[PDB]
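A.B. asks: This is the structure I want to talk about, given as structure tokens.
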Amino acid sequence: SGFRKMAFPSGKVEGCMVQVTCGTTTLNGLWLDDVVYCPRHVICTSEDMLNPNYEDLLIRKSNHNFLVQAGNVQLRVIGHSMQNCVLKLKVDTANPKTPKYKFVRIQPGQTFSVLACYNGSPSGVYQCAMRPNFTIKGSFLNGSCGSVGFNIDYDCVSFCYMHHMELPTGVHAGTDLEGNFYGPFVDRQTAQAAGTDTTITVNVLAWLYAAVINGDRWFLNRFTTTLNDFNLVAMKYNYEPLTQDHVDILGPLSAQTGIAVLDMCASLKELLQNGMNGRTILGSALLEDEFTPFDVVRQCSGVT
Ligand SMILES: *CCC(=O)N(c1cc(C(C)(C)C)on1)[C@H](C(=O)Nc1ccc(OC)cc1C)c1cccnc1
């Protein structure tokens with residue numbers, strides 16, 4: 001029993017984190033095969049960061065202006081290119097600890113593990129979700145830039161997130177590993193708004209299923225609801241509207257608990273209109289949307 005916000009084991013990723021230095025700016029990079037990936041803002045100085053011309057800035061730099069250290073091993077940089085918002089640095093040595101990996105652009109509502117790094121050294125690992133407005137509510141200080149988000153599928157590391165910046169509101173923005181931002185953000189020091197955050201309804205339902213599985217059944221009621229009626233309520237409360245695909249993804253939890261999705265929905269609707277009244281569910285006084293139906297199954301079936 002139990003239910004925890006579990007992160008994936010970080011071993012496979014620990015051995016790919018390096019430090020990258022360009023003049024006086026230092027941040028994290030990811031060393032896979034013989035390419036180092038990092039945020040292109042490493043070539044910026046203090047002055048450049050309000051309105052940087054990344055083309056003009058990168059033209060002043062040669063291979064030897066870049067210092068890549070992995071522990072006390074200094075890697076020789078022999079090639080450099082900019083792919084959107086990442087630098088790719090061609091180094092002379094292929095990382096001997098390169099796992100099986102792929103690069104994946106994830107969707108809002110999906111979860112991943114973050115390995116927070118300073119100067120190429122891991123400090124901690126946490127699980128979070130890509131919010132519907134393409135931000136993450138991370139825990140990152142200065143120098144965390146280049147920390148990555150990842151999923152593990154058996155032996156295969158899927159890289160989905162590189163950390164680039166903090167918004168003046170305290171939340172976090174970054175790219176996939178092809179250097180495309182999640183959301184409408186730019187890598188310059190100007191004020192930018194994320195739009196409305198919403199709650200990931202399919203994730204809240206998945207956690208309601210986790211709760212029932214672990215003995216917390218008080219919020220289960222007699223009532224039921226239609227999808228259209230459930231959705232009219234969800235929108236009032238800034239919840240994501242639920243489609244047939246969502247119903248399809250929850251089928252296994254529906255099957256395991258013997259509780260129809262639309263009956264679980266009816267239970268959720270009542271919590272929205274009545275609140276928790278001081279009660280908790282898996283020890284939380286709020287509705288949790290940072291577990292996916294997959295996470296819940298994986299955690300409650302002991303997948304390695
Ligand atoms: C790794 C660098 C760093 O810590 N950092 C950063 C990013 C940039 C850009 C990409 C050149 C804007 O400059 N510094 C971020 C960060 O985004 N800092 C920052 C920039 C701008 C504003 O308001 C306009 C506010 C903040 C906090 C960073 C990342 C994580 C934690 N602290 C800072």
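A note on labels: chains of the structure tokens are A, B, ... as shown, every chain counts residues from 1, and ligands are counted from 1 in their shown order.
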Can you check which residues of range 116-300 of chain A DSSP gives as strand (DSSP E) on the backbone and send them as an MDAnalysis selection string?
C.D. replies: chainID A and resid 116:118 121:129 148:153 156:166 172:175
A.B. asks: Residues of the last selection are to be written out with N, CA and C atoms, as an mmCIF file, in the first residue's frame.
C.D. replies:
```cif
data_model
loop_
_atom_site.group_PDB
_atom_site.id
_atom_site.type_symbol
_atom_site.label_atom_id
_atom_site.label_comp_id
_atom_site.auth_asym_id
_atom_site.auth_seq_id
_atom_site.Cartn_x
_atom_site.Cartn_y
_atom_site.Cartn_z
ATOM 1 N N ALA A 116 17.625 18.030 -11.173
ATOM 2 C CA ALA A 116 18.133 19.394 -10.922
ATOM 3 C C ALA A 116 19.645 19.335 -10.729
ATOM 4 N N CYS A 117 20.377 20.139 -11.503
ATOM 5 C CA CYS A 117 21.849 20.152 -11.544
ATOM 6 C C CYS A 117 22.384 21.584 -11.346
ATOM 7 N N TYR A 118 23.559 21.724 -10.716
ATOM 8 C CA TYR A 118 24.372 22.974 -10.667
ATOM 9 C C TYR A 118 25.808 22.581 -11.041
ATOM 10 N N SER A 121 26.671 18.894 -11.785
ATOM 11 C CA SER A 121 26.486 17.960 -10.652
ATOM 12 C C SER A 121 25.012 17.850 -10.248
ATOM 13 N N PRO A 122 24.461 16.612 -10.202
ATOM 14 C CA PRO A 122 23.097 16.356 -9.742
ATOM 15 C C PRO A 122 22.917 16.829 -8.311
ATOM 16 N N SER A 123 21.815 17.473 -7.962
ATOM 17 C CA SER A 123 21.531 17.781 -6.548
ATOM 18 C C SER A 123 20.261 17.093 -6.049
ATOM 19 N N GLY A 124 19.298 16.779 -6.914
ATOM 20 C CA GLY A 124 18.027 16.229 -6.456
ATOM 21 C C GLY A 124 17.123 15.860 -7.592
ATOM 22 N N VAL A 125 16.129 15.044 -7.311
ATOM 23 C CA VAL A 125 15.260 14.495 -8.382
ATOM 24 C C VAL A 125 13.812 14.606 -7.902
ATOM 25 N N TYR A 126 12.926 15.059 -8.784
ATOM 26 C CA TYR A 126 11.501 15.277 -8.446
ATOM 27 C C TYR A 126 10.660 15.000 -9.674
ATOM 28 N N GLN A 127 9.399 14.679 -9.446
ATOM 29 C CA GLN A 127 8.394 14.389 -10.487
ATOM 30 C C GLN A 127 7.505 15.610 -10.628
ATOM 31 N N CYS A 128 7.143 15.983 -11.832
ATOM 32 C CA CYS A 128 6.169 17.066 -12.038
ATOM 33 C C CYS A 128 5.409 16.824 -13.344
ATOM 34 N N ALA A 129 4.540 17.774 -13.693
ATOM 35 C CA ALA A 129 3.665 17.735 -14.884
ATOM 36 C C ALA A 129 3.903 19.007 -15.700
ATOM 37 N N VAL A 148 17.482 18.551 -17.115
ATOM 38 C CA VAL A 148 16.580 17.892 -18.098
ATOM 39 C C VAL A 148 15.463 17.144 -17.368
ATOM 40 N N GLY A 149 14.394 16.936 -18.127
ATOM 41 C CA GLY A 149 13.225 16.121 -17.780
ATOM 42 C C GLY A 149 13.223 14.895 -18.659
ATOM 43 N N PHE A 150 12.829 13.769 -18.091
ATOM 44 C CA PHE A 150 13.006 12.444 -18.706
ATOM 45 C C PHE A 150 11.953 11.475 -18.150
ATOM 46 N N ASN A 151 11.657 10.476 -18.970
ATOM 47 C CA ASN A 151 10.843 9.290 -18.618
ATOM 48 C C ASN A 151 11.706 8.070 -18.891
ATOM 49 N N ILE A 152 11.470 6.988 -18.170
ATOM 50 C CA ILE A 152 12.136 5.705 -18.485
ATOM 51 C C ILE A 152 11.073 4.674 -18.851
ATOM 52 N N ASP A 153 11.326 3.984 -19.978
ATOM 53 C CA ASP A 153 10.552 2.849 -20.552
ATOM 54 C C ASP A 153 11.461 1.611 -20.677
ATOM 55 N N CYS A 156 15.125 2.299 -21.707
ATOM 56 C CA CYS A 156 15.183 3.439 -22.661
ATOM 57 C C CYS A 156 14.835 4.782 -21.983
ATOM 58 N N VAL A 157 15.805 5.697 -21.956
ATOM 59 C CA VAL A 157 15.592 7.066 -21.425
ATOM 60 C C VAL A 157 15.016 7.962 -22.519
ATOM 61 N N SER A 158 13.827 8.502 -22.285
ATOM 62 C CA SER A 158 13.121 9.484 -23.142
ATOM 63 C C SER A 158 13.300 10.856 -22.534
ATOM 64 N N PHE A 159 14.003 11.738 -23.251
ATOM 65 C CA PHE A 159 14.347 13.115 -22.829
ATOM 66 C C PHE A 159 13.287 14.018 -23.411
ATOM 67 N N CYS A 160 12.652 14.810 -22.571
ATOM 68 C CA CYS A 160 11.495 15.588 -23.049
ATOM 69 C C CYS A 160 11.603 17.060 -22.679
ATOM 70 N N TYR A 161 12.551 17.436 -21.841
ATOM 71 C CA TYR A 161 12.571 18.784 -21.228
ATOM 72 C C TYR A 161 14.012 19.227 -21.009
ATOM 73 N N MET A 162 14.356 20.408 -21.531
ATOM 74 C CA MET A 162 15.526 21.167 -21.021
ATOM 75 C C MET A 162 15.083 22.487 -20.403
ATOM 76 N N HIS A 163 15.591 22.762 -19.214
ATOM 77 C CA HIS A 163 15.271 23.992 -18.448
ATOM 78 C C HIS A 163 16.029 25.212 -18.995
ATOM 79 N N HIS A 164 15.312 26.258 -19.394
ATOM 80 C CA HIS A 164 15.949 27.515 -19.873
ATOM 81 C C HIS A 164 15.721 28.684 -18.922
ATOM 82 N N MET A 165 14.541 28.865 -18.348
ATOM 83 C CA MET A 165 14.305 30.148 -17.641
ATOM 84 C C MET A 165 13.186 30.083 -16.606
ATOM 85 N N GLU A 166 13.218 31.050 -15.708
ATOM 86 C CA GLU A 166 12.166 31.339 -14.719
ATOM 87 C C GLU A 166 11.462 32.621 -15.177
ATOM 88 N N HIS A 172 8.449 28.002 -14.413
ATOM 89 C CA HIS A 172 9.617 27.548 -15.191
ATOM 90 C C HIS A 172 9.202 27.212 -16.626
ATOM 91 N N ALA A 173 10.057 27.552 -17.584
ATOM 92 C CA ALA A 173 9.838 27.392 -19.030
ATOM 93 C C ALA A 173 11.096 26.753 -19.624
ATOM 94 N N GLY A 174 10.927 25.908 -20.624
ATOM 95 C CA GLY A 174 12.081 25.369 -21.348
ATOM 96 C C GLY A 174 11.676 24.673 -22.614
ATOM 97 N N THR A 175 12.588 23.890 -23.163
ATOM 98 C CA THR A 175 12.471 23.364 -24.534
ATOM 99 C C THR A 175 12.380 21.844 -24.528
#
```
A.B. asks: Please, which residues have at least one atom within 6 Å of an atom of ligand 1, using only C-alpha atoms and all ligand atoms, listed as a PDB file with N, CA, C and O atoms, in the first residue's frame?
C.D. replies:
```
ATOM      1  N   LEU A  27      26.688  26.707 -17.125  1.00  0.00           N
ATOM      2  CA  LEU A  27      25.429  25.962 -16.874  1.00  0.00           C
ATOM      3  C   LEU A  27      25.596  24.478 -17.241  1.00  0.00           C
ATOM      4  O   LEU A  27      26.714  24.028 -17.587  1.00  0.00           O
ATOM      5  N   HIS A  41      21.656  30.288 -24.486  1.00  0.00           N
ATOM      6  CA  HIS A  41      21.891  31.517 -23.672  1.00  0.00           C
ATOM      7  C   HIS A  41      23.224  31.418 -22.913  1.00  0.00           C
ATOM      8  O   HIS A  41      23.589  32.371 -22.272  1.00  0.00           O
ATOM      9  N   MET A  49      21.326  39.954 -22.502  1.00  0.00           N
ATOM     10  CA  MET A  49      20.174  39.097 -22.110  1.00  0.00           C
ATOM     11  C   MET A  49      18.839  39.832 -22.254  1.00  0.00           C
ATOM     12  O   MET A  49      17.822  39.124 -22.263  1.00  0.00           O
ATOM     13  N   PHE A 140      14.095  25.409  -9.016  1.00  0.00           N
ATOM     14  CA  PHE A 140      15.326  25.707  -9.780  1.00  0.00           C
ATOM     15  C   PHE A 140      15.958  27.015  -9.289  1.00  0.00           C
ATOM     16  O   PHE A 140      15.184  28.010  -9.250  1.00  0.00           O
ATOM     17  N   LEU A 141      17.274  27.038  -8.988  1.00  0.00           N
ATOM     18  CA  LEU A 141      18.020  28.289  -8.702  1.00  0.00           C
ATOM     19  C   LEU A 141      18.821  28.709  -9.921  1.00  0.00           C
ATOM     20  O   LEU A 141      18.834  27.982 -10.902  1.00  0.00           O
ATOM     21  N   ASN A 142      19.487  29.866  -9.828  1.00  0.00           N
ATOM     22  CA  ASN A 142      20.502  30.316 -10.817  1.00  0.00           C
ATOM     23  C   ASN A 142      21.404  29.116 -11.090  1.00  0.00           C
ATOM     24  O   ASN A 142      21.649  28.325 -10.155  1.00  0.00           O
ATOM     25  N   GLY A 143      21.812  28.953 -12.343  1.00  0.00           N
ATOM     26  CA  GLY A 143      22.763  27.898 -12.734  1.00  0.00           C
ATOM     27  C   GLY A 143      22.083  26.562 -12.972  1.00  0.00           C
ATOM     28  O   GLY A 143      22.740  25.638 -13.495  1.00  0.00           O
ATOM     29  N   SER A 144      20.793  26.437 -12.678  1.00  0.00           N
ATOM     30  CA  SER A 144      20.061  25.169 -12.937  1.00  0.00           C
ATOM     31  C   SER A 144      19.837  24.950 -14.451  1.00  0.00           C
ATOM     32  O   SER A 144      19.373  23.848 -14.828  1.00  0.00           O
ATOM     33  N   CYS A 145      20.073  25.968 -15.288  1.00  0.00           N
ATOM     34  CA  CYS A 145      19.729  25.964 -16.729  1.00  0.00           C
ATOM     35  C   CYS A 145      20.448  24.764 -17.355  1.00  0.00           C
ATOM     36  O   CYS A 145      21.582  24.480 -16.967  1.00  0.00           O
ATOM     37  N   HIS A 164      15.312  26.258 -19.394  1.00  0.00           N
ATOM     38  CA  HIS A 164      15.949  27.515 -19.873  1.00  0.00           C
ATOM     39  C   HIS A 164      15.721  28.684 -18.922  1.00  0.00           C
ATOM     40  O   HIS A 164      16.661  29.472 -18.740  1.00  0.00           O
ATOM     41  N   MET A 165      14.541  28.865 -18.348  1.00  0.00           N
ATOM     42  CA  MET A 165      14.305  30.148 -17.641  1.00  0.00           C
ATOM     43  C   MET A 165      13.186  30.083 -16.606  1.00  0.00           C
ATOM     44  O   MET A 165      12.385  29.156 -16.612  1.00  0.00           O
ATOM     45  N   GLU A 166      13.218  31.050 -15.708  1.00  0.00           N
ATOM     46  CA  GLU A 166      12.166  31.339 -14.719  1.00  0.00           C
ATOM     47  C   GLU A 166      11.462  32.621 -15.177  1.00  0.00           C
ATOM     48  O   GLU A 166      12.151  33.601 -15.605  1.00  0.00           O
ATOM     49  N   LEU A 167      10.127  32.564 -15.124  1.00  0.00           N
ATOM     50  CA  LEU A 167       9.227  33.692 -15.434  1.00  0.00           C
ATOM     51  C   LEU A 167       9.130  34.531 -14.170  1.00  0.00           C
ATOM     52  O   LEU A 167       9.358  34.004 -13.079  1.00  0.00           O
ATOM     53  N   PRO A 168       8.857  35.852 -14.290  1.00  0.00           N
ATOM     54  CA  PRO A 168       8.793  36.745 -13.128  1.00  0.00           C
ATOM     55  C   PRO A 168       7.779  36.295 -12.074  1.00  0.00           C
ATOM     56  O   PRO A 168       7.899  36.777 -10.973  1.00  0.00           O
ATOM     57  N   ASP A 187      13.784  33.154 -25.239  1.00  0.00           N
ATOM     58  CA  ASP A 187      14.954  33.109 -24.324  1.00  0.00           C
ATOM     59  C   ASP A 187      15.588  34.502 -24.326  1.00  0.00           C
ATOM     60  O   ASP A 187      16.755  34.680 -24.791  1.00  0.00           O
ATOM     61  N   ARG A 188      14.817  35.458 -23.803  1.00  0.00           N
ATOM     62  CA  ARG A 188      15.275  36.845 -23.550  1.00  0.00           C
ATOM     63  C   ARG A 188      14.659  37.337 -22.239  1.00  0.00           C
ATOM     64  O   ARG A 188      13.647  36.786 -21.818  1.00  0.00           O
ATOM     65  N   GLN A 189      15.343  38.275 -21.581  1.00  0.00           N
ATOM     66  CA  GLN A 189      14.908  38.872 -20.299  1.00  0.00           C
ATOM     67  C   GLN A 189      13.927  39.988 -20.641  1.00  0.00           C
ATOM     68  O   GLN A 189      14.290  41.188 -20.670  1.00  0.00           O
ATOM     69  N   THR A 190      12.722  39.555 -20.972  1.00  0.00           N
ATOM     70  CA  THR A 190      11.526  40.415 -21.052  1.00  0.00           C
ATOM     71  C   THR A 190      10.431  39.691 -20.299  1.00  0.00           C
ATOM     72  O   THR A 190      10.503  38.484 -20.227  1.00  0.00           O
ATOM     73  N   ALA A 191       9.491  40.447 -19.755  1.00  0.00           N
ATOM     74  CA  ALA A 191       8.308  39.927 -19.037  1.00  0.00           C
ATOM     75  C   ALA A 191       7.365  39.247 -20.055  1.00  0.00           C
ATOM     76  O   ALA A 191       7.047  39.823 -21.119  1.00  0.00           O
TER      77      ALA A 191
END
```
A.B. asks: I'd like the contact shell of residue 96 in chain A - 12 Å cut-off, only C-alpha atoms, skipping same-chain residues fewer than 3 positions apart - returned as a list in words.
C.D. replies: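 Residues near the query, excluding close chain neighbours: residues 12, 15, 16, 31, 32, 33, 34, 70, 93, 99 and 100 of chain A.
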A.B. asks: Would you export the selected residues with N, CA and C atoms as a short mmCIF file (atom, residue, chain, number, x, y, z; two decimals), in the first residue's frame, please?
C.D. replies:
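Now in result27.cif:
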```cif
data_model
loop_
_atom_site.label_atom_id
_atom_site.label_comp_id
_atom_site.auth_asym_id
_atom_site.auth_seq_id
_atom_site.Cartn_x
_atom_site.Cartn_y
_atom_site.Cartn_z
N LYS A 12 20.87 6.52 -14.86
CA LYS A 12 21.16 6.59 -16.31
C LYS A 12 21.39 8.03 -16.77
N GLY A 15 24.95 10.10 -15.35
CA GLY A 15 26.20 9.90 -16.12
C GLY A 15 26.23 10.66 -17.44
N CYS A 16 25.28 11.54 -17.74
CA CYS A 16 25.25 12.36 -18.98
C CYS A 16 25.30 13.85 -18.70
N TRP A 31 25.38 15.21 -22.34
CA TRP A 31 26.39 14.55 -23.16
C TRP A 31 25.87 13.18 -23.58
N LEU A 32 25.53 13.06 -24.85
CA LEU A 32 25.00 11.82 -25.45
C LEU A 32 25.82 11.50 -26.70
N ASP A 33 26.41 10.30 -26.72
CA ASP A 33 27.33 9.92 -27.82
C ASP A 33 28.48 10.94 -27.82
N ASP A 34 28.62 11.75 -28.87
CA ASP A 34 29.73 12.73 -28.99
C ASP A 34 29.19 14.14 -29.22
N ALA A 70 33.51 17.05 -17.62
CA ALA A 70 32.75 15.95 -17.02
C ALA A 70 33.58 15.40 -15.87
N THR A 93 35.26 12.93 -27.83
CA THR A 93 34.97 11.66 -27.11
C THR A 93 33.46 11.42 -27.01
N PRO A 99 23.17 6.04 -22.47
CA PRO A 99 22.16 4.99 -22.42
C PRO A 99 21.53 4.82 -23.83
N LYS A 100 20.60 3.85 -23.94
CA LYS A 100 19.52 3.86 -24.95
C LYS A 100 18.61 5.02 -24.62
#
```
A.B. asks: Identify, on the basis of only C-alpha atoms, every residue whose closest approach to residue 198 in chain A does not exceed 7 Å; exclude the query and any residue fewer than 3 positions from it along the same chain; express the result as a short mmCIF file (atom, residue, chain, number, x, y, z; two decimals) with N, CA, C and O atoms, in the first residue's frame.
C.D. replies:
```
data_model
loop_
_atom_site.label_atom_id
_atom_site.label_comp_id
_atom_site.auth_asym_id
_atom_site.auth_seq_id
_atom_site.Cartn_x
_atom_site.Cartn_y
_atom_site.Cartn_z
N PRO A 132 -1.05 22.64 -18.52
CA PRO A 132 -1.75 22.98 -19.77
C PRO A 132 -1.31 24.27 -20.51
O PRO A 132 -1.47 24.35 -21.73
N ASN A 238 -12.41 25.88 -13.89
CA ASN A 238 -11.12 25.89 -14.64
C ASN A 238 -10.52 24.48 -14.66
O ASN A 238 -9.34 24.35 -14.35
N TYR A 239 -11.32 23.48 -14.98
CA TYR A 239 -10.85 22.09 -15.20
C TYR A 239 -10.82 21.85 -16.70
O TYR A 239 -11.63 22.47 -17.37
N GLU A 240 -9.90 21.01 -17.18
CA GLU A 240 -9.82 20.54 -18.59
C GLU A 240 -11.09 19.77 -18.91
O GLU A 240 -11.49 18.92 -18.13
#
```
A.B. asks: Find the residues near range 242-245 of chain A: any atom within 10 Å, counting only C-alpha atoms, skip ones fewer than 4 places away on the same chain, and give them as number ranges by chain.
C.D. replies: A: 200-202, 227-228, 230-231, 234, 249-251, 265
A.B. asks: Those residues you just picked out, can you put them in a file as a PDB file, in the first residue's frame with C-alpha atoms?
C.D. replies:
```pdb
ATOM      1  CA  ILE A 200      -5.752  18.183 -15.612  1.00  0.00           C
ATOM      2  CA  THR A 201      -9.154  16.478 -15.078  1.00  0.00           C
ATOM      3  CA  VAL A 202      -8.003  13.071 -16.450  1.00  0.00           C
ATOM      4  CA  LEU A 227     -20.043  13.700 -20.004  1.00  0.00           C
ATOM      5  CA  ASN A 228     -21.774  16.935 -21.217  1.00  0.00           C
ATOM      6  CA  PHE A 230     -19.783  16.828 -16.045  1.00  0.00           C
ATOM      7  CA  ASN A 231     -17.937  19.122 -18.557  1.00  0.00           C
ATOM      8  CA  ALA A 234     -15.501  21.282 -14.938  1.00  0.00           C
ATOM      9  CA  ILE A 249      -7.279   5.678 -20.939  1.00  0.00           C
ATOM     10  CA  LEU A 250      -9.097   5.195 -17.571  1.00  0.00           C
ATOM     11  CA  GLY A 251     -10.724   1.877 -18.618  1.00  0.00           C
ATOM     12  CA  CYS A 265     -16.975  11.854 -12.571  1.00  0.00           C
TER      13      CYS A 265
END
```
A.B. asks: Excluding residue 223 in chain A and its own-chain neighbours fewer than 4 positions away, which residues fall within 9 Å of it when counting only C-alpha atoms? Please give them as a PyMOL selection string.
C.D. replies: chain A and resi 263+266-267
A.B. asks: Those selected residues, please, written with N, CA and C atoms and delivered as a CSV table (one decimal), in the first residue's frame.
C.D. replies:
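Saved file again14.csv follows:
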```csv
chain,number,residue,atom,x,y,z
A,263,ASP,N,-19.4,7.5,-13.1
A,263,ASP,CA,-19.7,7.5,-11.7
A,263,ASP,C,-18.6,8.1,-10.9
A,266,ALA,N,-19.1,11.8,-11.4
A,266,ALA,CA,-20.2,12.3,-10.5
A,266,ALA,C,-19.6,12.6,-9.2
A,267,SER,N,-18.7,11.8,-8.6
A,267,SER,CA,-18.1,12.0,-7.3
A,267,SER,C,-17.2,13.2,-7.4
```
A.B. asks: Tell me, as a VMD selection string, which residues lie within 9 Å of range 206-216 of chain A, counting only C-alpha atoms; anything in the same chain fewer than 4 positions away does not count.
C.D. replies: chain A and resid 1 to 3 201 to 202 220 250 253 to 254 256 to 257 259 264 268 281 to 282 287 to 297 300
